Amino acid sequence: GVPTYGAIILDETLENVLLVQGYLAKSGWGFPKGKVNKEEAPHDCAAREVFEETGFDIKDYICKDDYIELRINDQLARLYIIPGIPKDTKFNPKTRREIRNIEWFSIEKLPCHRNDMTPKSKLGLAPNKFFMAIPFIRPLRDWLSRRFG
């Protein structure tokens, strides 16, 4: 898999995160991110994908050591952590063939796992519109605890 890069954008209170909603296969809510081009540095891909999907330029705010990285089915995803962006910021995708909506969500209300179906004696997981964000939620809460208490 080609690595992906993007951002976890938080507001000034540290309560809220910015998610984006795609279409079709990407029809739920997730962090803004995308696949690296040939020769492109990680920090540059993260600002490019985030600017295409949100209209906000993170390049002046990226810190090189502040990120959460996960490997999911043998594809690496790294999201740079960007705190203190005001909730009244105007966000506007470039690409509205790709992005349906852009919204702030309360971190403490987001799920950090999907629910099973053990009430129906059935295997697997119930559908959840946050499926693409979910793997990052617990590592983000632990990172914010360590760095801010």
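Just count from 1 along the sequence shown to find any residue number.
Higher average CA B factor: 121-129, of the stretches 14-22 and 121-129. For the segment pair 34-42 and 100-108, the entry gives 34-42 the higher mean B-factor, averaged over Cα atoms. Annotation for residue 144: C-alpha temperature factor in the middle third relative to the rest of the modelled chain, per the entry.
Among the modelled residues of its chain, residue 55 has a C-alpha B-factor that falls in the middle third according to the deposited record. Per-chain ranking of the deposited C-alpha B factor places residue 69 in the middle third. The deposited CA B-factor of residue 93 belongs to the highest third of values across its chain.
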